[PDB]
file coords-v2.json (JSON, C-alpha atoms)
[["chain", "number", "residue", "atom", "x", "y", "z"],
["A", 1, "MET", "CA", 88.17, 78.75, 100.09],
["A", 2, "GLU", "CA", 91.74, 80.04, 100.16],
["A", 3, "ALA", "CA", 91.60, 82.82, 102.70],
["A", 4, "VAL", "CA", 89.55, 84.42, 105.44],
["A", 5, "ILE", "CA", 89.94, 88.16, 106.08],
["A", 6, "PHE", "CA", 88.94, 89.90, 109.35],
["A", 7, "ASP", "CA", 88.47, 93.53, 110.17],
["A", 8, "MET", "CA", 90.05, 94.26, 113.59],
["A", 9, "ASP", "CA", 88.01, 96.70, 115.61],
["A", 10, "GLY", "CA", 84.45, 95.61, 116.07],
["A", 11, "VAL", "CA", 85.18, 92.02, 115.06],
["A", 12, "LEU", "CA", 88.19, 90.74, 116.98],
["A", 13, "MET", "CA", 87.61, 93.14, 119.88],
["A", 14, "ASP", "CA", 85.56, 96.30, 120.43],
["A", 15, "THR", "CA", 87.16, 99.61, 121.48],
["A", 16, "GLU", "CA", 84.14, 101.83, 120.82],
["A", 17, "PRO", "CA", 82.41, 100.89, 124.11],
["A", 18, "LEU", "CA", 85.52, 101.92, 126.10],
["A", 19, "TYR", "CA", 85.68, 105.44, 124.72],
["A", 20, "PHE", "CA", 83.32, 106.75, 127.41],
["A", 21, "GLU", "CA", 85.59, 105.58, 130.23],
["A", 22, "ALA", "CA", 88.72, 106.93, 128.47],
["A", 23, "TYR", "CA", 87.15, 110.38, 127.96],
["A", 24, "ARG", "CA", 85.59, 110.30, 131.46],
["A", 25, "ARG", "CA", 89.08, 109.75, 132.92],
["A", 26, "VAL", "CA", 90.49, 112.62, 130.87],
["A", 27, "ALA", "CA", 87.78, 114.96, 132.18],
["A", 28, "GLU", "CA", 88.32, 113.62, 135.71],
["A", 29, "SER", "CA", 92.08, 114.30, 135.45],
["A", 30, "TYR", "CA", 91.17, 118.00, 134.92],
["A", 31, "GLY", "CA", 88.67, 118.01, 137.81],
["A", 32, "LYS", "CA", 85.70, 117.95, 135.37],
["A", 33, "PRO", "CA", 82.54, 115.81, 135.18],
["A", 34, "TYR", "CA", 81.44, 114.03, 132.01],
["A", 35, "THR", "CA", 78.04, 112.64, 130.92],
["A", 36, "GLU", "CA", 76.99, 109.81, 128.55],
["A", 37, "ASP", "CA", 74.56, 112.27, 126.93],
["A", 38, "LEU", "CA", 77.46, 114.53, 125.87],
["A", 39, "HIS", "CA", 79.62, 111.57, 125.05],
["A", 40, "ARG", "CA", 77.01, 109.98, 122.72],
["A", 41, "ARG", "CA", 77.04, 113.22, 120.74],
["A", 42, "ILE", "CA", 80.84, 113.64, 120.81],
["A", 43, "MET", "CA", 81.11, 110.17, 119.28],
["A", 44, "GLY", "CA", 79.06, 111.15, 116.20],
["A", 45, "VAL", "CA", 82.14, 112.90, 114.73],
["A", 46, "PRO", "CA", 85.78, 111.99, 113.93],
["A", 47, "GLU", "CA", 88.13, 112.09, 116.93],
["A", 48, "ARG", "CA", 90.38, 114.67, 115.23],
["A", 49, "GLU", "CA", 87.63, 117.36, 115.49],
["A", 50, "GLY", "CA", 85.95, 115.69, 118.48],
["A", 51, "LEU", "CA", 88.84, 116.18, 120.90],
["A", 52, "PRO", "CA", 89.10, 119.98, 120.59],
["A", 53, "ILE", "CA", 85.30, 120.19, 121.04],
["A", 54, "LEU", "CA", 85.47, 117.98, 124.15],
["A", 55, "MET", "CA", 88.16, 120.23, 125.61],
["A", 56, "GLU", "CA", 86.07, 123.39, 125.16],
["A", 57, "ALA", "CA", 82.80, 121.69, 126.13],
["A", 58, "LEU", "CA", 84.43, 120.78, 129.47],
["A", 59, "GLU", "CA", 85.91, 124.28, 129.92],
["A", 60, "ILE", "CA", 89.39, 122.81, 130.21],
["A", 61, "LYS", "CA", 92.21, 125.36, 130.17],
["A", 62, "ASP", "CA", 95.20, 123.58, 128.66],
["A", 63, "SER", "CA", 96.86, 123.54, 125.24],
["A", 64, "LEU", "CA", 95.32, 121.20, 122.65],
["A", 65, "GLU", "CA", 98.70, 119.44, 122.45],
["A", 66, "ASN", "CA", 98.66, 118.71, 126.19],
["A", 67, "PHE", "CA", 94.99, 117.65, 126.03],
["A", 68, "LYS", "CA", 95.60, 115.22, 123.13],
["A", 69, "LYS", "CA", 98.48, 113.71, 125.08],
["A", 70, "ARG", "CA", 96.20, 113.11, 128.09],
["A", 71, "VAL", "CA", 93.59, 111.51, 125.87],
["A", 72, "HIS", "CA", 96.36, 109.30, 124.46],
["A", 73, "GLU", "CA", 97.48, 108.28, 127.99],
["A", 74, "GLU", "CA", 93.96, 107.54, 129.28],
["A", 75, "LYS", "CA", 93.01, 105.44, 126.21],
["A", 76, "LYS", "CA", 96.14, 103.30, 126.72],
["A", 77, "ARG", "CA", 95.27, 102.67, 130.36],
["A", 78, "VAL", "CA", 91.62, 101.94, 129.72],
["A", 79, "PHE", "CA", 92.35, 99.66, 126.71],
["A", 80, "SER", "CA", 95.14, 97.94, 128.57],
["A", 81, "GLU", "CA", 92.84, 97.37, 131.56],
["A", 82, "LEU", "CA", 89.53, 96.55, 129.88],
["A", 83, "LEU", "CA", 89.99, 95.61, 126.21],
["A", 84, "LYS", "CA", 89.35, 91.90, 125.74],
["A", 85, "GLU", "CA", 88.89, 89.70, 122.71],
["A", 86, "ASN", "CA", 85.28, 89.14, 121.59],
["A", 87, "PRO", "CA", 83.81, 85.76, 122.60],
["A", 88, "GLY", "CA", 84.35, 82.94, 120.06],
["A", 89, "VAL", "CA", 86.76, 84.89, 117.89],
["A", 90, "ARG", "CA", 89.89, 83.01, 119.00],
["A", 91, "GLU", "CA", 88.15, 79.67, 118.22],
["A", 92, "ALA", "CA", 87.27, 81.01, 114.79],
["A", 93, "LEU", "CA", 90.88, 82.04, 114.07],
["A", 94, "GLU", "CA", 92.08, 78.66, 115.36],
["A", 95, "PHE", "CA", 89.57, 76.94, 113.06],
["A", 96, "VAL", "CA", 90.76, 78.70, 109.87],
["A", 97, "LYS", "CA", 94.36, 77.72, 110.72],
["A", 98, "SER", "CA", 93.20, 74.12, 111.39],
["A", 99, "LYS", "CA", 91.99, 74.03, 107.75],
["A", 100, "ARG", "CA", 95.38, 75.21, 106.46],
["A", 101, "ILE", "CA", 93.69, 78.24, 104.94],
["A", 102, "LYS", "CA", 95.41, 81.67, 105.00],
["A", 103, "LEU", "CA", 94.25, 84.20, 107.59],
["A", 104, "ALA", "CA", 94.44, 87.93, 107.07],
["A", 105, "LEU", "CA", 93.68, 91.09, 109.06],
["A", 106, "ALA", "CA", 92.62, 94.40, 107.47],
["A", 107, "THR", "CA", 92.22, 97.51, 109.63],
["A", 108, "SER", "CA", 92.02, 101.27, 109.14],
["A", 109, "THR", "CA", 94.06, 101.61, 112.37],
["A", 110, "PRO", "CA", 97.76, 102.48, 111.76],
["A", 111, "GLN", "CA", 100.21, 99.64, 112.04],
["A", 112, "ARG", "CA", 102.04, 100.47, 115.26],
["A", 113, "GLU", "CA", 98.88, 101.23, 117.23],
["A", 114, "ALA", "CA", 97.03, 98.15, 115.89],
["A", 115, "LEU", "CA", 99.89, 95.75, 116.63],
["A", 116, "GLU", "CA", 100.07, 96.96, 120.27],
["A", 117, "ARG", "CA", 96.39, 95.96, 120.75],
["A", 118, "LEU", "CA", 96.70, 92.63, 119.00],
["A", 119, "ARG", "CA", 99.87, 91.78, 120.95],
["A", 120, "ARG", "CA", 98.24, 92.56, 124.32],
["A", 121, "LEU", "CA", 95.39, 90.21, 123.35],
["A", 122, "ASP", "CA", 97.72, 87.55, 121.91],
["A", 123, "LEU", "CA", 95.78, 87.51, 118.57],
["A", 124, "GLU", "CA", 98.70, 88.62, 116.43],
["A", 125, "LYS", "CA", 100.19, 85.12, 116.10],
["A", 126, "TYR", "CA", 97.33, 83.78, 113.95],
["A", 127, "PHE", "CA", 97.69, 85.97, 110.90],
["A", 128, "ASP", "CA", 99.60, 85.28, 107.71],
["A", 129, "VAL", "CA", 98.88, 88.70, 106.20],
["A", 130, "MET", "CA", 98.02, 91.95, 107.96],
["A", 131, "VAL", "CA", 97.31, 95.30, 106.24],
["A", 132, "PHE", "CA", 96.95, 98.58, 108.20],
["A", 133, "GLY", "CA", 95.42, 101.97, 107.45],
["A", 134, "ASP", "CA", 98.73, 103.77, 107.03],
["A", 135, "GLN", "CA", 99.69, 101.32, 104.27],
["A", 136, "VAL", "CA", 97.22, 102.64, 101.67],
["A", 137, "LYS", "CA", 96.74, 106.04, 100.00],
["A", 138, "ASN", "CA", 92.93, 106.11, 100.33],
["A", 139, "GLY", "CA", 91.10, 104.29, 103.16],
["A", 140, "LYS", "CA", 87.61, 102.70, 103.34],
["A", 141, "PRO", "CA", 85.29, 102.81, 101.40],
["A", 142, "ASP", "CA", 88.01, 102.87, 98.72],
["A", 143, "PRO", "CA", 88.82, 99.20, 97.80],
["A", 144, "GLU", "CA", 92.63, 99.89, 98.09],
["A", 145, "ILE", "CA", 92.96, 98.18, 101.48],
["A", 146, "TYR", "CA", 91.22, 94.95, 100.40],
["A", 147, "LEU", "CA", 93.08, 94.95, 97.03],
["A", 148, "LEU", "CA", 96.37, 95.07, 99.02],
["A", 149, "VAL", "CA", 95.18, 92.22, 101.32],
["A", 150, "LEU", "CA", 94.35, 90.16, 98.17],
["A", 151, "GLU", "CA", 97.76, 91.06, 96.71],
["A", 152, "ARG", "CA", 99.71, 90.06, 99.78],
["A", 153, "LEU", "CA", 97.69, 86.81, 100.14],
["A", 154, "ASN", "CA", 98.04, 86.10, 96.40],
["A", 155, "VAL", "CA", 94.41, 84.91, 96.22],
["A", 156, "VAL", "CA", 91.41, 85.73, 93.98],
["A", 157, "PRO", "CA", 88.48, 87.57, 95.60],
["A", 158, "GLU", "CA", 85.95, 84.81, 94.82],
["A", 159, "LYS", "CA", 87.98, 82.50, 97.13],
["A", 160, "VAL", "CA", 87.98, 84.69, 100.28],
["A", 161, "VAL", "CA", 85.46, 85.31, 103.04],
["A", 162, "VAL", "CA", 85.49, 88.71, 104.83],
["A", 163, "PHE", "CA", 84.11, 89.65, 108.29],
["A", 164, "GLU", "CA", 83.40, 93.33, 108.36],
["A", 165, "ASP", "CA", 81.60, 95.63, 110.80],
["A", 166, "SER", "CA", 81.11, 98.99, 109.02],
["A", 167, "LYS", "CA", 79.23, 100.25, 105.94],
["A", 168, "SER", "CA", 82.49, 101.69, 104.56],
["A", 169, "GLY", "CA", 84.32, 98.37, 105.23],
["A", 170, "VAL", "CA", 81.68, 96.34, 103.42],
["A", 171, "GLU", "CA", 81.69, 98.78, 100.53],
["A", 172, "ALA", "CA", 85.48, 98.56, 100.27],
["A", 173, "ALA", "CA", 85.57, 94.75, 100.20],
["A", 174, "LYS", "CA", 82.70, 94.61, 97.68],
["A", 175, "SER", "CA", 84.42, 97.18, 95.42],
["A", 176, "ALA", "CA", 87.57, 95.00, 95.54],
["A", 177, "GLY", "CA", 85.46, 92.22, 93.96],
["A", 178, "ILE", "CA", 84.85, 90.15, 97.11],
["A", 179, "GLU", "CA", 81.30, 88.72, 97.31],
["A", 180, "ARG", "CA", 81.32, 86.67, 100.51],
["A", 181, "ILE", "CA", 81.15, 89.48, 103.10],
["A", 182, "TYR", "CA", 79.56, 88.88, 106.50],
["A", 183, "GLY", "CA", 78.46, 91.84, 108.56],
["A", 184, "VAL", "CA", 79.46, 91.53, 112.22],
["A", 185, "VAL", "CA", 77.00, 93.11, 114.64],
["A", 186, "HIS", "CA", 76.89, 93.81, 118.32],
["A", 187, "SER", "CA", 73.36, 94.52, 119.45],
["A", 188, "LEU", "CA", 69.71, 93.56, 119.24],
["A", 189, "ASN", "CA", 68.95, 94.98, 115.72],
["A", 190, "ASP", "CA", 71.88, 96.77, 114.21],
["A", 191, "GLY", "CA", 73.24, 95.78, 110.82],
["A", 192, "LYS", "CA", 70.74, 96.93, 108.21],
["A", 193, "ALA", "CA", 73.36, 99.32, 106.77],
["A", 194, "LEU", "CA", 75.84, 96.43, 106.38],
["A", 195, "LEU", "CA", 73.25, 94.41, 104.45],
["A", 196, "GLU", "CA", 72.43, 97.38, 102.26],
["A", 197, "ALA", "CA", 76.16, 97.76, 101.48],
["A", 198, "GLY", "CA", 76.27, 94.13, 100.29],
["A", 199, "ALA", "CA", 76.88, 91.93, 103.30],
["A", 200, "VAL", "CA", 75.40, 88.45, 102.63],
["A", 201, "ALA", "CA", 74.32, 87.89, 106.23],
["A", 202, "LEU", "CA", 74.63, 89.36, 109.69],
["A", 203, "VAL", "CA", 76.48, 87.54, 112.48],
["A", 204, "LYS", "CA", 77.53, 88.14, 116.10],
["A", 205, "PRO", "CA", 81.24, 87.51, 116.84],
["A", 206, "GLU", "CA", 80.22, 84.28, 118.64],
["A", 207, "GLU", "CA", 78.50, 83.07, 115.46],
["A", 208, "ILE", "CA", 81.55, 83.44, 113.20],
["A", 209, "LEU", "CA", 82.88, 79.96, 114.04],
["A", 210, "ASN", "CA", 79.73, 78.21, 112.80],
["A", 211, "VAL", "CA", 79.76, 80.31, 109.64],
["A", 212, "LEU", "CA", 83.31, 79.09, 108.95],
["A", 213, "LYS", "CA", 82.33, 75.44, 109.63],
["A", 214, "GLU", "CA", 79.56, 75.92, 107.04],
["A", 215, "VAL", "CA", 81.63, 77.61, 104.27],
["A", 216, "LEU", "CA", 85.22, 76.31, 104.54]]

call {"tool": "encode", "arguments": {"input": "coords-v2.json", "output": "structure tokens"}}
result
Amino acid sequence: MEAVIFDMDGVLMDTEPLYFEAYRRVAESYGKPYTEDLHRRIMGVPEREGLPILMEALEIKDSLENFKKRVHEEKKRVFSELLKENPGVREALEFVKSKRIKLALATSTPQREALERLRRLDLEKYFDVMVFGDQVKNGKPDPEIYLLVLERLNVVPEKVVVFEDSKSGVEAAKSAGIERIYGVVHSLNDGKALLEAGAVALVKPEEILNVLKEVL
């Protein structure tokens, strides 16, 4: 194998579970309550259209610009306080480096934002190549992002392993010609959609290390 490629969010660390607390703090800053029942529904749509809905749902009287800024502030605080690396992922990154194999990161998250997170978690130092969502024209499921990772690594897709956590991520890597895609899951029985998109197996973050020991 010549390289191992990781998605960031949902593999190296998980931000999705902290969204409730971030949005709860926003509501609280305006003297408003917030429920998981509303939040579960708010999360079924992109944040761009989700935020304005949240503001009106909560009967908040502010400009959207001011609201978005508060959301920005509360996410920083929450992530800074509570975002931690997933168990076993550091050992997995250390293992790839121990084999003198190249290590790459691919994420839909824009560069500046993504680097802040990785730096706080001290995971940035492992990677040889990192590609971010603002570095391609069309994002997942378009294969552009994985094609650029392959380009920057200067490796053929049949010699890389990818750890992905979304349907669109798996589709993108597969469309780029990469076959060895593992779907990273977080709960009792999620992951069917990743397998249907072409993942060759499901793994928890803690199981990634043993996968690498098997395939590298």

call {"tool": "closest_residue", "arguments": {"input": "coords-v2.json", "among": "A:125, A:137, A:180, A:120", "to": "residue 76 in chain A", "atoms": "all atoms listed in the file"}}
result
A:120

call {"tool": "axis_aligned_box", "arguments": {"input": "coords-v2.json", "around": "range 199-205 of chain A", "padding_each_side": "4 Å", "output": "AutoDock Vina command-line options"}}
result
--center_x 77.8 --center_y 89.7 --center_z 109.7 --size_x 14.9 --size_y 12.4 --size_z 22.2

call {"tool": "atom_distance", "arguments": {"input": "coords-v2.json", "atom1": "CA of residue 138 in chain A", "atom2": "CA of residue 106 in chain A"}}
result
13.7 Å

call {"tool": "residues_around", "arguments": {"input": "coords-v2.json", "residues": "residue 64 in chain A", "least_positions_apart": "3", "cutoff": "12 Å", "atoms": "all atoms listed in the file", "output": "VMD selection string"}}
result
chain A and resid 48 to 56 60 to 61 67 to 71

call {"tool": "closest_residue", "arguments": {"input": "coords-v2.json", "among": "A:153, A:14, A:200, A:171", "to": "residue 141 in chain A", "atoms": "all atoms listed in the file"}}
result
A:171

call {"tool": "atom_distance", "arguments": {"input": "coords-v2.json", "atom1": "CA of residue 83 in chain A", "atom2": "CA of residue 117 in chain A"}}
result
8.4 Å

call {"tool": "atom_distance", "arguments": {"input": "coords-v2.json", "atom1": "CA of residue 155 in chain A", "atom2": "CA of residue 205 in chain A"}}
result
24.6 Å

call {"tool": "residues_around", "arguments": {"input": "coords-v2.json", "residues": "residue 73 in chain A", "least_positions_apart": "6", "cutoff": "12 Å", "atoms": "all atoms listed in the file", "output": "PyMOL selection string"}}
result
chain A and resi 22-23+25-26+29+66-67+79-80

call {"tool": "residues_around", "arguments": {"input": "coords-v2.json", "residues": "residue 170 in chain A", "least_positions_apart": "2", "cutoff": "12 Å", "atoms": "all atoms listed in the file", "output": "PyMOL selection string"}}
result
chain A and resi 5-7+106+140-143+145-146+161-168+172-184+191-202

call {"tool": "closest_residue", "arguments": {"input": "coords-v2.json", "among": "A:206, A:122, A:19, A:2", "to": "residue 84 in chain A", "atoms": "all atoms listed in the file"}}
result
A:122

call {"tool": "closest_residue", "arguments": {"input": "coords-v2.json", "among": "A:105, A:12, A:144, A:113", "to": "residue 130 in chain A", "atoms": "all atoms listed in the file"}}
result
A:105

call {"tool": "closest_residue", "arguments": {"input": "coords-v2.json", "among": "A:43, A:8, A:27, A:78", "to": "residue 111 in chain A", "atoms": "all atoms listed in the file"}}
result
A:8
